[PDB]
Each structure stands twice: as C-alpha cells, then as structure tokens.
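Data block below; observations after.
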Amino acid sequence: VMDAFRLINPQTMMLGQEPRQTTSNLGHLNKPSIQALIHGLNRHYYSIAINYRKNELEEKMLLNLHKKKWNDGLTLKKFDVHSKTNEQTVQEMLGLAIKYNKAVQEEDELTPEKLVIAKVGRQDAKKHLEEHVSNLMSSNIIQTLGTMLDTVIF
Amino acid sequence: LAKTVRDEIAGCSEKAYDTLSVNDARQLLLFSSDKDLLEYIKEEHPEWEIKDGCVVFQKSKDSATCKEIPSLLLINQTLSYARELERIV
C-alpha cells in the first residue's frame with residue numbers, strides 16, 4: 001500500500017479547468033480511495049500511477065533468498081517422534097471417522113447446508129480427515145525418501 | 001530324458017543336502033560305476049567338491065533363508081514407491 005501525489009495549482013482549480021491533459025488512460029487504472037476523495041483528492045492534488053523497475057540480477061538474488069538449504073531435505077526426523085505423530089494422527093483419523101459416520105448417517109433428506117457451514121461434526125470431519133491424510137502421507141513419504149536416498153548415497 | 005532327469009536330480013540334491021556320500025550320489029543318479037559319477041561331476045557340475053568320499057554341495061550364501069536379500073535395494077524400492085506416488089499429489 002503506497003501512493004504518490006502532487007498538488008493541483010489553485011489558480012487552475014479556480015478557473016474550472018482540468019489540471020492536466022490526458023493522452024493516456026494509465027492515470028485512471030487505479031480506483032482512488034474514498035478516503036482520498038474525502039481528503040481532497042483531485043481538488044487540491046492528484047495521484048500518480050506507480051510501477052516498479054526491477055533488475056534481473058536483483059531477481060536472481062531475490063529468488064536465492066527463499067531457497068531453503070539444500071541439506072534441509074537431508075535432516076530426517078527422529079524415528080520415534082515421527083512414529084508417535086503417526087500414531088496420534090491415526091487415532092485422530094479414527095475419531096474423525098466415527099464422527100463422520102454419524103454425520104453421514106444423521107444427515108436427513110432436508111439437510112441444511114447453511115446450518116452445516118455454521119456447525120458441522122467435529123468442526124468438519126471430512127475436511128480434517130482430508131487434511132490429516134494429506135499431512136500423514138506427506139510426512140511418511142518424505143521420511144521414506146530421506147532415509148533411502150541416504151541408504152543409496154551413504 | 002534320462003540326461004535331463006539326471007540334471008534335475010543333481011539340481012535337487014545341490015539344494016537339499018549340504019553334503020552327500022558318494023555311494024548315495026551314485027544311487028540317486030543311478031551311475032553304474034564310480035568313474036561315471038566322477039566324470040559327470042567333473043564335466044557338468046565343476047562347483048561340486050569331493051572330500052573324504054562325500055560330495056560337498058556348495059550351498060548358496062543366502063537362498064533358502066527368508067529376508068536374506070540386499071537392504072539398500074529393497075529400501076530404494078520403497079524410494080520408487082513413495083516418490084512416484086506423491087509427486088503426482
């Protein structure tokens with residue numbers, strides 16, 4: 001959130017003339033803020049359209065910033081802790097499964113979608129089931145890759 | 001067919017017994033003379049060692065026993081499974 005402004009000559013305003021000549025529509029691309037319309041926009045001053053000049057080397061270095069350490073994939077999780085997370089998430093899948101079975105069964109012919117959005121079984125048994133299976137798969141299978149690419153190369 | 005049967009019998013004997021007495025080796029392969037069994041062993045199956053009148057079958061390092069294969073290869077088979085699986089995800 002940034003903007004640039006320059007003043008409109010009061011003499012031009014008193015003359016009723018448009019303060020600038022517009023051969024290009026770029027100035028109107030950004031819809032001004034109703035606050036600015038309250039704060040004197042286009043009566044005392046005007047906005048200036050903003051773009052960003054970006055150098056390619058700056059972009060290479062910027063991309064380098066978010067690059068995780070190439071070793072971070074090597075940092076394997078402790079087997080005991082990983083297994084306990086698996087256990088807990090499996091029990092959570094059990095709880096969500098039973099909740100969801102009730103939710104599918106209790107669902108009547110006139111099932112209110114609005115009421116379901118406001119309040120569903122265990123927040124939403126289906127959504128938590130999906131997220132938990134996704135995270136469990138991801139963690140197990142990344143641990144898989146890690147352990148064994150180590151096996152090969154070490 | 002007799003030659004094939006003798007070869008098959010030799011194959012079974014190699015897996016079955018760690019050692020076999022030469023008399024028994026002749027009896028199972030029905031060789032008429034000692035020199036017959038000796039010649040057969042020398043030509044078809046040189047890996048057999050004859051020690052103190054008993055045929056010593058050089059049993060494989062790890063074969064009959066279960067879970068006696070390579071670790072890295074199995075586990076990297078799990079690599080193939082996992083990586084090919086989720087990359088789709």
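Each chain in the structure tokens gets a letter, A, B, ..., in the order shown, and its residues are numbered from 1; ligands are numbered from 1 in order too.
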Next item on the list: At a cut-off of 8 Å, list the chain A residues touching chain B, using only C-alpha atoms, as a PyMOL selection string.
Entry: chain A and resi 138+141-142+144-145+148-149+151-152
Filtered DSSP result for chain B, state strand (DSSP E), as a ChimeraX atom specification: /B:19-21,49-51,54-56
Write to file, as an mmCIF file, in the first residue's frame, the residues of the selection just made, with C-alpha atoms.
data_model
loop_
_atom_site.group_PDB
_atom_site.id
_atom_site.type_symbol
_atom_site.label_atom_id
_atom_site.label_comp_id
_atom_site.auth_asym_id
_atom_site.auth_seq_id
_atom_site.Cartn_x
_atom_site.Cartn_y
_atom_site.Cartn_z
ATOM 1 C CA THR B 19 26.982 -82.986 1.786
ATOM 2 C CA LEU B 20 26.178 -86.324 0.147
ATOM 3 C CA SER B 21 28.023 -89.625 0.346
ATOM 4 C CA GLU B 49 33.805 -80.610 -4.150
ATOM 5 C CA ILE B 50 34.544 -84.268 -3.382
ATOM 6 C CA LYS B 51 36.032 -84.528 0.122
ATOM 7 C CA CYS B 54 31.285 -87.278 0.134
ATOM 8 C CA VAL B 55 30.067 -84.726 -2.407
ATOM 9 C CA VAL B 56 30.166 -81.271 -0.807
#
query = Where does DSSP see helix (DSSP H, G or I) in chain B, if you list the residues as a PyMOL selection string?
reply = chain B and resi 2-16+22-29+34-44+71-88
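Of note, atom CA of residue A:4 and atom CA of residue A:54 are spaced 18.7 Å apart.
Counting from atom CA of residue B:40, the distance to atom CA of residue B:12 is 15.6 Å.
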